[PDB]
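Examination of the molecular architecture
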Amino acid sequence: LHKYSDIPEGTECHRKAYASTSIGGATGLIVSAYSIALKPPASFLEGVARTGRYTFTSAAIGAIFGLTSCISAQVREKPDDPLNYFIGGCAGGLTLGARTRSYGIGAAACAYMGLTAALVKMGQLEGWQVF
Amino acid sequence: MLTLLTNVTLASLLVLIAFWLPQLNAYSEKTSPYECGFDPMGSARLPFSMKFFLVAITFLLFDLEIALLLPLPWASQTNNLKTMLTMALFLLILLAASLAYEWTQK
Amino acid sequence: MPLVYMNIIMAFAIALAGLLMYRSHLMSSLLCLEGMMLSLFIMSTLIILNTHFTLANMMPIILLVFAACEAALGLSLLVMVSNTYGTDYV
Amino acid sequence: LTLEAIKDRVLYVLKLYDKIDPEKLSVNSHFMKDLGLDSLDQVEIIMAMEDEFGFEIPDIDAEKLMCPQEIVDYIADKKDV
Amino acid sequence: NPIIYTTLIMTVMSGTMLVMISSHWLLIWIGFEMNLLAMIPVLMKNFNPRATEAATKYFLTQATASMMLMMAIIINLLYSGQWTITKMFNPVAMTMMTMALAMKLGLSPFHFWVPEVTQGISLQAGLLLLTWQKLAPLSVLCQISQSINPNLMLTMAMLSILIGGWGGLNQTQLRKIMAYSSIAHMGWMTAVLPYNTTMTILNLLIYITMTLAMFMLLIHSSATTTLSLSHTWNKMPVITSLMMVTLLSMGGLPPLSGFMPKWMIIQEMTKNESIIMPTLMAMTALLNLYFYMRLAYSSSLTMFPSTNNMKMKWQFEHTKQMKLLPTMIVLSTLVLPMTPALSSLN
Amino acid sequence: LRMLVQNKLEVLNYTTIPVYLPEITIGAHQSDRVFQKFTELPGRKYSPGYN
Amino acid sequence: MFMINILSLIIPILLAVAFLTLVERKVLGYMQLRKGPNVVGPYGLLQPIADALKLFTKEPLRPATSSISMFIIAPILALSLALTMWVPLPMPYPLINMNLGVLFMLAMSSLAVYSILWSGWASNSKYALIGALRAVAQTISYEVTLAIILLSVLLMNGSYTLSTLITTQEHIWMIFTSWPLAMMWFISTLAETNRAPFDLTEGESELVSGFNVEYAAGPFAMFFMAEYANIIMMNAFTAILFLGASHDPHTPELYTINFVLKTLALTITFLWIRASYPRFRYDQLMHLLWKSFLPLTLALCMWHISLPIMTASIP
Amino acid sequence: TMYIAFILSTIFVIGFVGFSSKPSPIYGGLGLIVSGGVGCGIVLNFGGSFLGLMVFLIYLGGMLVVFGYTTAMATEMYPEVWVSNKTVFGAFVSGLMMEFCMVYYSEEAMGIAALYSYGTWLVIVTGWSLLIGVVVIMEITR
Amino acid sequence: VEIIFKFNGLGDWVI
Amino acid sequence: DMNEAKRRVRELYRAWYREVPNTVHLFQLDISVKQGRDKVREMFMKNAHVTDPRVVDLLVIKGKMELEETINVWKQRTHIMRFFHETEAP
């Protein structure tokens, strides 16, 4: 995360997008891990099918989020306000919307993932301590 | 370690000269398990008994106790026996006490 | 820390992972737990032998006791579960 | 459990069986009055079919027979479908 | 026979008191260890095919927990040669002592055993399990609050509240619900622990008083499954008419006593900034409240249809009164304008 | 077993099991009313020694 | 040249178990009036080697049902430990001066019976399993009292080292001091070694040669052989531990000349027990122990804990 | 030097590799036997001989026997050897590669005698504990 | 050793 | 009267038939698993003309004891293989 943190600003969109892809991949492996742990897949090939699913999905979400965010930064060139992430936030849900093949879940995911990201940026701006 | 190795190698040597020597014909039914003549009604399964563990566990919990008894010969030479002696008796009482409790709860 | 200690610690980590991979009839788990116990014992005793921290020469044996003690208890529960089934965790 | 599953299975087990040639097969037709199979075969195939449906057939129901379909009706009577 | 049962329960009391006394670590691990052996048999009274595997669950998890704990102690000693409690001197060890204790409290995601185990035993052994067993591990956490790695603590402290929520909306039979209630309050105790232990101990006292109120009531009515509780409104209306209140005090509606914990906790954490965490926490505590409310609907506020056979039972007064109960209700409710007295706990 | 013989509601404890067959079960109104009537009796408002 | 010393410890003892077998049939014979083996000797003497040759020559089948690995590894362990227990034994000079080799004698003795458990487990047969199981019962049941009474007789020698146990017997002998514990030690050696009245592991008529059955030629020779190793060895152990002797360092050999007498005098007695008593049955075998031996072992134990303080006679 | 204590640690660890894999409790009992003797040897190398012989006596001479009883109560026909399943054997290999990667990478006398005179408290709680443990065994089996 | 925490290496005797 | 006894015998056929694979399994018989069944049917054909009242029920009395024996592992491989007369010269 420290790697991803040194954006800087939004310069070199790829450098950032790779890192976000990395984080999304990590969380995908964790979710896959507990899912396999608590929902015994039966027939292990199905299990790797499952983990391939989640891993690829979360990695995708991270990628698209990262690059849309940095691109918006390098295009609007505002570039520091929280809304700059929010599009990517809104974008992220759509990615999630695509794999699930459902307008509903994609629609909700757009809004909430967007607001979450916006709060994150707002937090970097304000030094909110969470822990 | 040397005597361990010579002993084990000795025994293993006896094994190898035990098998690779008579040099004769093994065959089926000769190799079938013994059952005082007539064939077994079934392979060994479950000779279950509470009366096994009901005491064997008590073995285990005495053996742990004697494990504490062992330091005693050396502890006997401590500078302050009155501080010790009660305990030297104490555990034994409980050992006995434990047994006593078992003795009569059937 | 000398490599030997690292090796015993790793034997602990395996003595745990074995407990948690956890499969079929559970008697294996009481074994794996006792193995875990033994690794902690040895790892303790090597230390008390190391620094000549003499009083603590008493601990490992005492450790052993209770640890063995709980395992001694554990079989009893297994009996009961064995009593109604012929054991399996399944 | 539709009645069709029951019938399909009855005749399935009776098609798997040897004395009943596929040509010999006929649902309404009385199982003995038409089929040339030995009387023991009733018992063998019924015990197999009930081996599929799983419940023991009391042999008063072996005294049912009449038609295989009436036995299917009894299977409906037990399944209560 | 009672003469043995009482010796067991007293050696449990001793097996915890020992943790609360000794400074040396080895006596603490002995404290838990003795506590365990004396805890299992009391779960096995009456004895059921069910109860047996209940105890199997409990023992299996407590044993592995105690194991990890002793390992982490030994590692601490390896890297500082001490036995006194104090600060630990090696984070790789410290996180494991936190884990071991995390099982001992039943905090999530280690929590899964607690709802199950509660199901397997009678409300007596149940209550005792959800109160007395919660003392010792907290009794050591208060002593190692000084060096805790707060991140690791707040994460389990939160996740205990979410899991203590969502798994609470789903169940019917009360014991499993009481399990998710407790598993949820422990999130609130262990949350504030890094910041200020006195708030923890306050919250602990309220929790114990509360769950004593409930389990004494369930005992008084011998209700279990929710429907079984539903009938009680006609027979001895008072006690259902009192489960309502104690439930609301679980819910922490503000005049009631159960609000005192949360509202001190929110204070403490707020001094630390950390402003977001209590907001999420307090918001989820609502979700915790909701199944207390639904359970209230089954019971007192509305009358599920009575069964006929109940009528003869009307003639027969309940017996074997439990003396300690009325005070456990009242303290767990009305005490709110007596928060400041919390400073007695210094 | 002797403890079970005393405190008879316990021996009765499972006789009021909720299974909700239409013939046994009673709607809340009739039950609330009839029990409201049961209290009307001289010896039932309170535990017997107190009344 | 330590190796030739070891070899010098291992060959003579195996010879001793062979001739032990022959003596067994001899004495145990004359108790029966009937003469023992004789015709092949002239005094029977050549017999045991003819016997062993008859065994090893004979085919040792690998049972179809048995798992093979355990089935082979068990005998190995039996002779192994049966021999290994001999090393720290002061004759007068121990081959090894263990600081606490007595405790080690207990260690070897305690891993001994585990081999019996495998011997009956891998054998797969019904008789194998049942007999092996009861075997392990009697064995452990006797090792507890075993080790306690050995402790209590060791409080007074001073320490666990063996050579000192000579020094502490430069006059009176331990036995006059604490014979009742010597009785219980004797009988515990009479059961731990699985002998005459405590006969169950072999089972014999009760269970047609017990656990040992499915083993055929060589492995059977190993369990048989190892069994006699333990018998002579616990006998020697009792001898040094309860029967002291004069020991001039300048002539160690003199002492040994005495020692083999004092131990042989024990081993013969087991045989003269074998000719005398019917076996106990698995209930009573454990009854007399848990009910009757043990409490005395404790009372005697506190007593022996307490003498050195009251007598001010600490070793 | 010989590194003999260390190679003993290695055999120890594989003793837990074949042990922690879970192929019928009996063979695991073998696993703790091997790891047991290796253990007492390793602690013997520092010369805490009394302790190594405690474990070689109290543990292996006690425990694994009583486990040699549980299997009589459990067993089930056709117990599995280490080779008898892909996950078990896979597990054993799984341990071997890891530990191999790692390889690729008297005071005592009075010290324990002190337990009685100088440390009565532990004696009290151990006595009490074991006693009431016997009571627990009663109150479960009865 | 880089794993978990550092293992100082070399022979056992040294300590 | 007849027929009441015929049902008995059918019951008996059910019992024998279903038991047979267990017989081949437990006894390690290498007869074709079918063959025993067929041979059973044949033995059932051997008295397939008996017509007396009591004699047939008496026949199922003598028929019970045999399955009674094979189920109790009484008789043996020899004893149960005996029916096939396999060593006889044609």
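The numbering scheme restarts from 1 for each chain and tracks the written sequence of that chain rather than necessarily the entry's numbering. Residues without coordinates are not displayed. Here chains are named by letter from A upward and ligands by number from 1 upward, in the order in which they appear as written. Remember that the shown chains come from a larger assembly, so read each value as a statement about the shown part. Just so you know, side-chain values use all the structure's heavy atoms and leave hydrogens and water out. Residues with missing side-chain atoms are left out of burial classes, side-chain pairs and their counts.

What the entry reports as its method is cryo-EM, with 5.4 Å given for the resolution.

The PDB entry annotates chain J as NADH dehydrogenase [ubiquinone] 1 alpha subcomplex subunit 6 originating from Sus scrofa.

Per the PDB entry, chain A carries the name NADH dehydrogenase [ubiquinone] 1 alpha subcomplex subunit 11 and comes from Sus scrofa. Note on chain A: under the UniProt heading Subcellular location (unreviewed entry), the record states "Mitochondrion inner membrane". We quote the UniProt Sequence similarities (unreviewed entry) comment for chain A here in full: "Belongs to the complex I NDUFA11 subunit family." UniProt positions are given in the numbering used here, feature names are shortened, and annotations may be inferred rather than shown by experiment.

Focus: the overall build of chain J
When you go through chain J residue by residue, the secondary structure sums to 4 helices and 0 strands. Runs of H or I in DSSP of at least four residues are treated as helices and runs of E of at least two as strands, each being numbered from the N terminus. When the helices and strands of chain J are placed in sequence order, the string is α-α-α-α.

Details of the overall build of chain A
Each helix and strand in chain A was counted, giving 5 helices and 0 strands. Ordered by position in the sequence, the α and β elements of chain A form the string α-α-α-α-α. Pairs of residues are marked as contacts when any of their non-hydrogen atoms sit within 4.5 Å. Here the analysis covers contacts within chain A between residues at least 6 apart in sequence; of these, 64% occur between residues at least 24 apart.

Let's talk about the packing of aromatic side chains
Geometry of aromatic contacts follows a simple scheme: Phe, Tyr and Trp rings, the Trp one being its six-membered ring, pair when their centres are within 6.5 Å, and the pair is stacked under 30 degrees between planes, edge-to-face over 60, tilted otherwise. Seen from their ring centres, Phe62 of chain B and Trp290 of chain G are 5.5 Å apart, and the 40° between their planes marks the pair as tilted. Of the two residues, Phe62 of chain B is situated in helix 2 (residues 50–69) and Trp290 of chain G in helix 11 (residues 282–310); the pairing between them involves two chains. Counting as a charge over the ring demands two things of the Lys NZ or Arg CZ atom: a distance within 6 Å of the ring centre and an angle within 35 degrees of the ring normal. Seen from the ring of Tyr5 of chain E, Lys45 of chain E lies directly overhead, with NZ or CZ sitting 4.9 Å from the centre.

Examining the interface of chain C and chain H
In this assembly, 52 residues from chain C lie in contact with 55 residues from chain H. Within the residue set of the side of chain C that touches chain H, elements represented by two or more residues are helix 1 (3–21), helix 2 (27–50) and helix 3 (59–85) of chain C. Looking at the side of chain C that touches chain H residue by residue, the class counts come to 36 nonpolar, 13 polar and 3 charged. Just so you know the grouping, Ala, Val, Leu, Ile, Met, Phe, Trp, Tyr, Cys and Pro go in nonpolar, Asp, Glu, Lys and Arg go in charged, and all remaining residues, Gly too, go in polar.

Looking at the interface of chain F and chain E
With 18 residues of chain F at the interface, the matching set in chain E holds 14 residues. Mapped by element, the contributors of at least two residues to the side of chain F that touches chain E are strand 1 (25–26) and helix 3 (28–38) of chain F. Broken down by element, the side of chain F that touches chain E gets its largest block of residues, 6 residues, from helix 3 of chain F. Among the residues making up the side of chain F that touches chain E, the classes are represented as 9 nonpolar, 7 polar and 2 charged. Here, strands pair whenever DSSP counts at least two bridges between them. Pairing geometry for strand 1 (residues 306–307) of chain E and strand 1 of chain F, over 2 bridges, is antiparallel.

Side note on unusual backbone geometry
Backbone phi values are negative for most residues with the exception of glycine, while trans is the configuration of most peptide bonds. That bond from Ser108 of chain E to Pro109 of chain E is cis: its omega, 0°, falls within 30 degrees of zero. Along the chain, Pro109 of chain E falls in the loop between helix 4 (91–105) and helix 5 (113–119). Cis geometry marks the peptide bond from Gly41 of chain G to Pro42 of chain G; its omega dihedral reads 10°. Tracing the backbone through its elements, the reader meets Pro42 of chain G in the loop between helix 1 (2–30) and helix 2 (47–57). One non-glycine residue, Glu76 of chain H, lies in positive phi territory at about 65°. Note on placement: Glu76 of chain H falls in the loop between helix 3 (49–74) and helix 4 (86–104). One non-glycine residue, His85 of chain J, adopts positive backbone phi at about 55°. Examined against the element boundaries, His85 of chain J turns out to sit in the segment after helix 4 (77–81).

Details of the arrangement of the chains
Taken together, the 14 pairs of chains in contact show their highest number of contacts between chains C and H. Regarding chain D and chain E, which are not in contact, the minimum distance between any of their C-alpha atoms is 29 Å.

Brief notes about the packing of helix 2 of chain B against helix 3 of chain C
For helices, the axis comes from a line fit to the C-alpha atoms of the stretch in contact; other axes are also lines fit to C-alpha atoms, and the angle between any two N-to-C directions lies between 0 and 180 degrees. For the pair helix 2 of chain B and helix 3 of chain C, the least separation of the axes is 10 Å and the interaxial angle reads 175°. Judged by the inter-axis angle, helix 2 of chain B sits roughly antiparallel to helix 3 of chain C. Side by side, helix 2 of chain B and helix 3 of chain C meet where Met50, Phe53, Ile57, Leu60, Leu61, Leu64 and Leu68 of chain B of the first sit next to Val65, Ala68, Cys69, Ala72, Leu75, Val79 and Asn83 of chain C of the second. Split into classes, the residues belonging to the contact of helix 2 of chain B with helix 3 of chain C amount to 13 nonpolar, 1 polar and no charged. Our angle categories are set so that under 35 degrees counts as roughly parallel, over 145 as roughly antiparallel, 65 to 115 as roughly perpendicular, and the remainder as oblique.

Quick notes on the environment of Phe110 of chain E
Residue and element names in this part refer to chain E. By the secondary structure assignment, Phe110 is in the loop between helix 4 and helix 5. Spatially, the C-alpha atoms of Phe110 and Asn346 are 32 Å apart, while their sequence positions differ by 236 residues. Beyond its immediate chain neighbours, meaning those up to four positions away, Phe110 contacts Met99, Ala102, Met103 and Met156.

Considerations on the pattern of salt bridges
Across the salt bridge formed by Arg279 of chain G and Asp199 of chain G, the nearest N and O atoms sit 2.3 Å from each other. Note that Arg279 of chain G is positioned in the loop between helix 10 (252–274) and helix 11 and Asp199 of chain G in the loop between helix 8 (174–192) and helix 9 (218–242), a separation of 80 residues in sequence. Here, a salt bridge means any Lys or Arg side-chain nitrogen found within 4 Å of an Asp or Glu carboxyl oxygen. Two residues, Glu139 of chain H and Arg142 of chain H, come together in a salt bridge whose shortest N-O distance is 3.3 Å.

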